[PDB]
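Accompanying notes for the structure given below.
The basis for the numbers below is simple: all heavy atoms, side chains too, and nothing from hydrogens, waters or symmetry mates. First the proteins, then the strands, lettered A, B, ... as listed; each starts at 1.
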Amino acid sequence: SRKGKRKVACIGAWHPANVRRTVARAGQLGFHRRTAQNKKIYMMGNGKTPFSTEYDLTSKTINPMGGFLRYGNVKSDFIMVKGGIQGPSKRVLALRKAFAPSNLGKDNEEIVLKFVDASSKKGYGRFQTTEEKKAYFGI
Amino acid sequence: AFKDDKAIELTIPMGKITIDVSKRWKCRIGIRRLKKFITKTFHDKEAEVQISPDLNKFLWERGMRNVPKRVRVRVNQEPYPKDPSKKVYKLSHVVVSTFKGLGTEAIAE
Amino acid sequence: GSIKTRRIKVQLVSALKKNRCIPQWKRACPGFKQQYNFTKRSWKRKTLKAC
Amino acid sequence: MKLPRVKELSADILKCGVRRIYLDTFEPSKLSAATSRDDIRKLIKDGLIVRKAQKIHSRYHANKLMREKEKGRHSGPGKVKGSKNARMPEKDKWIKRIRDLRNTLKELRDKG
RNA sequence: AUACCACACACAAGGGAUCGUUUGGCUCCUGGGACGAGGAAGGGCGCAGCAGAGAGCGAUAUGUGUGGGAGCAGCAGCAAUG
RNA sequence: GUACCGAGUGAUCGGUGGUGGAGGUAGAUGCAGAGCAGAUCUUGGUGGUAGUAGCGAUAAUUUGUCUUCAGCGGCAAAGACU
RNA sequence: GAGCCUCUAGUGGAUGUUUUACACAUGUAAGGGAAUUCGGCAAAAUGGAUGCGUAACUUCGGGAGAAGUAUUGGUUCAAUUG
RNA sequence: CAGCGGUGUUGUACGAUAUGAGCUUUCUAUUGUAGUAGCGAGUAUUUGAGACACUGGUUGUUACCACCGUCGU
Ligand SMILES: [K+]
Ligand SMILES: [K+]
Ligand SMILES: [K+]
Ligand SMILES: [K+]
Ligand SMILES: [K+]
Ligand SMILES: [K+]
Ligand SMILES: [K+]
Ligand SMILES: [K+]
Ligand SMILES: [K+]
Ligand SMILES: [K+]
Ligand SMILES: [K+]
Ligand SMILES: [K+]
Ligand SMILES: [K+]
Ligand SMILES: [K+]
Ligand SMILES: [Mg+2]
Ligand SMILES: [Mg+2]
Ligand SMILES: [Mg+2]
Ligand SMILES: [Mg+2]
Ligand SMILES: [Mg+2]
Ligand SMILES: [Mg+2]
Ligand SMILES: [Mg+2]
Ligand SMILES: [Mg+2]
Ligand SMILES: [Mg+2]
Ligand SMILES: [Mg+2]
């Protein structure tokens, strides 16, 4: 086709003699308010107290090797939640108690952790602590 | 000039300041951005920058599609002759074997 | 070009002597009313047809 | 006397291209005063106008390659693009052979 | 409508209508109806103290004779020996 | 020619103040190339669109220095191309 | 005297800004492999030289580079065109 | 901008030294002895080397305290 392929071809009929608000057009994308309902808290803790599971007997903080990419190390209290969340690193968010309780079986189940990943987020991260890196390499 | 009429000697990270610039014109736009770096380092946007021919010749050494990673330069500050309301900064090339250990120095004369 | 006939050369010689402005003294004369010589030409704008 | 013209007349005098003429920088007044070919001849004598040397194009690699090909290096099946006959012409092999053989027979007969 | 757009009036721009003027045109009438081998009509090229076009003139390119008589339009020079 | 003011149902007519610098009417009759919004009308002059659309196929350009008086103009040193 | 690279000789300006979307010249792509479309249109794949091996039909000249397969750089040697 | 810590990407720098399928027999002193070599793809050591980036860790050095306008009391 001539005059471009990445477009809506037909934007209306002859009558009514105007464009309808329901047809797609080019413009702003992203930077909108959105609310995500019923996300579940897996863990709560502090950035400088080490922790362990019943199965992983290492004792480590939440901070990965070298920190989070454009942030560094967590120092205060933290929450951990399932799945992804709006916006990039460093943006402010508002938290609210759930508006109504959920009936779904996936939501209301218990959670028991056995491992948490603490490897580097830059490149392929292949160690969980500096002790392992020092032991893999010499000296 | 500067405090106690010293020259400042510094190193310019040509590799970093040109990260976004196109391969086809790297050396042409690098010159515009070397001058910009100087003016922000001494907080003097409206001032003139003057490049000595030896420094020009060092920069163009591998043609238009390349620029050196680091370059060491001596800087002097003088009132601008054609309009002495402005300053002019004069750049001279300093030949070095290695960059390890070289910070920012101020030298008398 | 370099090769010319005698008839072509005289046409060029005459066309070259005629191509001049009004001399600067004539403008001062009481009876004289011309502004510019309308018979002046440029090689960029006209052909002689000497061929 | 504009400096572009000085270069043209110098190029004529020194029997080289305009790209090889160097004008000395410290006396532009002395250059600009020139009027004639005889002025330029003097400036040339005094060394204010100079003919530069030619740019280098060495035969180092060409010689090296040539000697290697004489030893029999390169020249394998992955280095040739023309037919056997293009590289070593067949009519020439014939013509070389039969002239030698005929010359051999001629001498043997004539010597008895 | 602070500043945009429109209209009215005063001043400045932009264009050349109108009125005043004319060493040109047109029409009718009367006279005339005169070229060339003694080289015509028509074409070209030259000629000025400063001179392109046009006018005038032919290497004698403002010469001779007759009748008159005051200047040659600019600048430099000429003129009752015209 | 331009602002105002009066007369007439109307086609039009009259006066006043500035501008202009030499010609102009009222009555009765005569002769006509005798009245314009239009013709994708004819000629000349001017808008909105608009400081907008565009002005950049090709090898490529940088630094100093003099002019220029503000020309990547000239000259030196580099980097490229046919 | 192909394309690509150099010597002799010759060469260049509408300024700054990292510059969204849609374009125009181009690159690359998991698994699938023409399901796309009037239609494999466009693109991809094959490619030089050396050897082995080559069908129907034919006017016996051709078909024929049929098809199908293998080899290829650097170094150090023998042997003399294999 | 540099040190010194930390986290990555690529794959083992330059130069030396040793080895290397093979091919070769040169020189100085001097009568006869001693001295006495060249040419070579590559491979191993020094060397998880060298290069390059980012650090909300820590030390040193260097630069920065202005100015112009509008509305109000
Ligand atoms: K001709
Ligand atoms: K012409
Ligand atoms: K043959
Ligand atoms: K009209
Ligand atoms: K009408
Ligand atoms: K040739
Ligand atoms: K060729
Ligand atoms: K198909
Ligand atoms: K079909
Ligand atoms: K098609
Ligand atoms: K047969
Ligand atoms: K076939
Ligand atoms: K090495
Ligand atoms: K190593
Ligand atoms: Mg089409
Ligand atoms: Mg990552
Ligand atoms: Mg008068
Ligand atoms: Mg009429
Ligand atoms: Mg535009
Ligand atoms: Mg090319
Ligand atoms: Mg694919
Ligand atoms: Mg695939
Ligand atoms: Mg279909
Ligand atoms: Mg096709």
Practice prompt. Hunt down the Watson-Crick or G-U wobble partner of G:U71, both distances under 3.5 Å, from any strand shown, or write none.
Written response: G:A49
Worksheet item: Under 4.0 Å: is that the gap between some side-chain N or O of D:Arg87 and OP1 or OP2 of G:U81?
Response: no
Fill in: Nearest-angstrom distance, P atom, E:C11 to F:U2
14 Å
Item to complete: Verify the contact: side-chain N or O of B:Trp60 to OP1 or OP2 of F:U61, cut-off strictly under 4.0 Å; return yes or no.
Response: no
Worksheet item: Think B:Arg32 has a side-chain N or O under 4.0 angstrom from the OP1 or OP2 of G:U17?
Response: yes
Worksheet item: Given the P atoms of F:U63 and F:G79, what is the spacing between them in whole Å?
Response: 16 Å
Response to the item:
With a 4.0 Å cut-off (strictly under) to non-hydrogen atoms of chain A, the first and last hit nts on RNA chain H, 5' to 3', are H:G6 to H:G57
Practice prompt. Provide the distance between the two P atoms, one in F:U82 and one in G:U6, to the nearest whole Å.
Written response: 7 Å
Worksheet entry | C:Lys17 side-chain N/O to E:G46 phosphate OP1/OP2 under 4.0 Å | yes
Worksheet item: Is any side-chain nitrogen or oxygen of D:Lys52 closer than 4.0 Å to OP1 or OP2 of G:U8?
Response: no
Item to complete: Ignoring backbone atoms, test whether B:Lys90 places a side-chain nitrogen or oxygen under 4.0 Å from the OP1 or OP2 oxygen of F:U63.
Response: no
Discussion item. Taking 4.0 Å as the cut-off, does a side-chain nitrogen or oxygen of D:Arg19 come that near to OP1 or OP2 on G:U8?
Written reply: yes
Discussion item. Looking at F:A60, I'd like to know if its phosphate oxygens (OP1 or OP2) sit under 4.0 Å from a side-chain N or O belonging to B:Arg28.
Written reply: no
Worksheet item: RNA chain F: stems of at least 3 consecutive Watson-Crick or G-U pairs, cut-off 3.5 Å?
Response: F:2-7 with F:12-17, F:61-66 with F:73-78
Practice prompt. Ignoring backbone atoms, test whether C:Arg20 places a side-chain nitrogen or oxygen under 4.0 Å from the OP1 or OP2 oxygen of E:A51.
Written response: yes
Discussion item. Can you tell me whether the side chain of C:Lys26 and the base of E:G52 have a donor-acceptor pair closer than 3.5 Å?
Written reply: yes
Discussion item. Does C:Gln34 contact E:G54 through a side-chain donor or acceptor facing the base, at a distance under 3.5 Å?
Written reply: no
Worksheet item: Quantified in whole Å, what is the P atom distance between nucleotide E:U21 and nucleotide F:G21?
Response: 15 Å
